[PDB]
Structure formats: C-alpha cells, structure tokens
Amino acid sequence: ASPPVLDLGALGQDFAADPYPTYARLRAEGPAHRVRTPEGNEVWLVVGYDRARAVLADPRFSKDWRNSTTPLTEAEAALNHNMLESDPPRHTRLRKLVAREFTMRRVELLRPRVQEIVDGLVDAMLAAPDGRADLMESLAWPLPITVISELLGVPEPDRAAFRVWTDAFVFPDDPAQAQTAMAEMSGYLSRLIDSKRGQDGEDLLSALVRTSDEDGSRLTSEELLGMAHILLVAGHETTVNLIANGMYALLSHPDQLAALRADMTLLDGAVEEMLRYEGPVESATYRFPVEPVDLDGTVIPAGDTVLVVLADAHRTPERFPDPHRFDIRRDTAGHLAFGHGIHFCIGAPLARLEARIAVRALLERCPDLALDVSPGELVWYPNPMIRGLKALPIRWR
C-alpha cells in the first residue's frame, strides 16, 4: 500500500460538507488508508475511535519532522521548532515555558474581559435594523483573535492580516498560496518579536523575548518564533470554527436549542457536544511513525505522514451511540476534540471559556435566534484537518 485509494480533492464540496460516509466506508475496511489530500499531500488516515485514541498518544508516532521522510519546505522550516511539532525532551521544555499562562485558574482571570468583548460584539450585531447578520463575521471571527492578540501583544491594526493568512493555510487557492502565507506571517512575527526587544512590554511575547535573549539555550530564536506562531494559529481556526460550527449545530437542531434555552445549566454539556459532533479539528496534526507500525495487518512505513481522523472517532457507534444525533445531554466523555496524551490542547480552558460565554450571550440576547439560510447554502472548507464554514447567516426577532 503505497498508491492512494482516494483523492479527496476529486470528491469536491460534497466531501467538504459531509465527509462522514467517506470516513465510515474506510473504517469498515480497516483502520488505516492512503489518501491524497485536496492540497495534494499523500498521507495515511487512521479511522475508528479506539485506534484514533491510541495513535494520538502512542510515542511510536513522533511529531518531529526529523522523523518524516517528506522534507519541510523553506517556509515551513522557519516555523517547525514549536511544541506541537516536537517530541520529549523538546516538547516538555517548550510547553513548561507557557503552561502557567494557560491553566484553568489563570484563564479564569480573563473572564471579565472575554465577557466584555462578547457583549460589545453582540450589542453591535444586534443593532442591524433588519435583525440579520453573519455570526461568523459578527462574533466567531473577532472574539478569539481579540483575546489571543491581547495576551500575546499583537497590535490591533495587525490582527486582520491573520484572518487572511490563516484562511490561506486552511483553504489555499494553490500550494504556492499556503507557502506565501506562511512566509508572510513568519516575516511579520519576526518583526513583531524584534519590535518587543528593549520595550519593557508585559505581554506574553515580550516575556518570551526576554527569556530567549537572557538564555538562548532555554528558548532559541527559532523556538521563540515557533511559539508565537503556534499560540496564534493553533488556537485560531479552531476556536473561531468551534463557535460557528457549534452554533450551526444548535440552530440546525431546534429541539436542542429549545432544551438549552429552557435549561441553561445544560450549557457546558452543550459545548462539549458541539466539540464531539461539530468540532473544528477534523483530523489531528501530522504524525510520523519512527518505525513501521502494524495496525491490524495494515503496515504504515516509518516516516510516512499520518492523520488521525477525529471526526470519524466521534461517529464510532461503539463509543458514541446514535452518533449522528446532536444531543446536548449526551455523555461526551472520551471525546478527542482537544487531542489526547502529551499534546493535549493547552488552550482548552481558554477555548471553553470563550465558547461558553459566546453561546450563552447569543442565547440570552437573541430572541428566536435562527439560521437565515437553508443548510445547503452553507459552504465548507475542504481541508481534511479543519472543519469550517465560510459564513453563518443568522436572524432574530
């Protein structure tokens, strides 16, 4: 098994909008399958819950490009010295540098500010005299970029460029465009990092700049750039699309929206079912077997690129009964939306804070909130890694 069984690019927007039957037909055949992604990368998909969960945490599957037979491009090579693209001991050292910033209790201190951002965004949206807006434009995009920029020290005029870059690397026009985006962002971050030195800033990037300048063995200039990149990007498309994907799931399932409105203590469980049913990470980041790995008789060679397909894990009926049902009351324990094992999402407390506030705000403030679009007018991103919409037209009384 070297040739792909499927080119997901060829499957078009049908597969972007509703990839589940594809993954499930694969799962019926076996746990691992060669495919060519839309962007043109030949990779393995790992499907099925138990196998997904095990591969995510299995140290046989490195995240370090030194273990990949595909080389990094020059633009990619400027950015790979980050925790998500490292194994221990580098992963361990890098994540210790920021772990305290992202604990549930540290992130709790942002609640007043996150609440204020949401309320301001929601007030402005609610001023449309026709009671129609795009939820993606009004709320889901600007909330997470505001929060993460304040933390990191990205000046407000520089924030809109990240929507552009981050879209380019999710859904590029062509392979060139993703590579150009990366180089542009990378250049920008290097300049931003530079502009911090000697400036006595108190944001997280300023603190990391001093840490690296005081001792480059603790945080190298390449690691300094990779940390800035990963904290910005890793949390970005994900949080934005959690908010919009989840509100889409709630609004397209009126019984569940009604349940939640009648019992707002259902809120945490609802956001967990958003993650399970409509989470933004469709497939996890690249893994590379350090030696050939046998998965029930399918052998993945050492060095090949492996996607763990979280979306299909989440539709495995042995683990999530009646898996196509969006049920805010469901037991979502064991979902893989934030990963599992040493790379488990460091942003999860922050992501949950943002999405819980946002969902509750929309619900309490937008009476008769509803979709303003037939489900088939929506357009989805093709990338097998990220599940995401272009727009989300909504309406309220």
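Each residue number is its position in the shown sequence, starting from 1.
Legend entry - Comparing 86-94 with 156-164, the one whose average Cα B-factor in the PDB entry is higher: Mean C-alpha B-factor is greater for 156-164.
Legend entry - Between the two ranges 319-327 and 234-242, the one averaging a larger CA B factor in the entry: Mean C-alpha B-factor is greater for 234-242.
Legend entry - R276, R261, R105, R287, ranked by C-alpha B-factor: the highest one: Of the candidates given, the C-alpha B-factor peaks at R261.
Legend entry - Top residue by Cα temperature factor, when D50, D64, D372, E354 are compared in the entry: Highest CA B-factor of the listed options: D372.
Legend entry - Chain-wide C-alpha B factor ranking for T70, given as lowest, middle or highest third: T70: CA B-factor falls in the highest third of its chain.
Inset, instruction - Taking the values exactly as deposited, rank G388 by C-alpha B-factor within its chain and report the matching third: lowest, middle or highest. - result: Answer is middle: the recorded C-alpha B-factor places it there.
Inset, instruction - Just say lowest, middle or highest third for the CA B-factor of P349 relative to the other modelled residues in its chain. - result: It falls in the bottom third of the chain.
Legend entry - Third of the chain, ranked by Cα B-factor, where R60 sits: It falls in the top third of the chain.
Legend entry - Third assignment of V299 from its chain's C-alpha B-factors: CA B-factor rank for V299: highest third.
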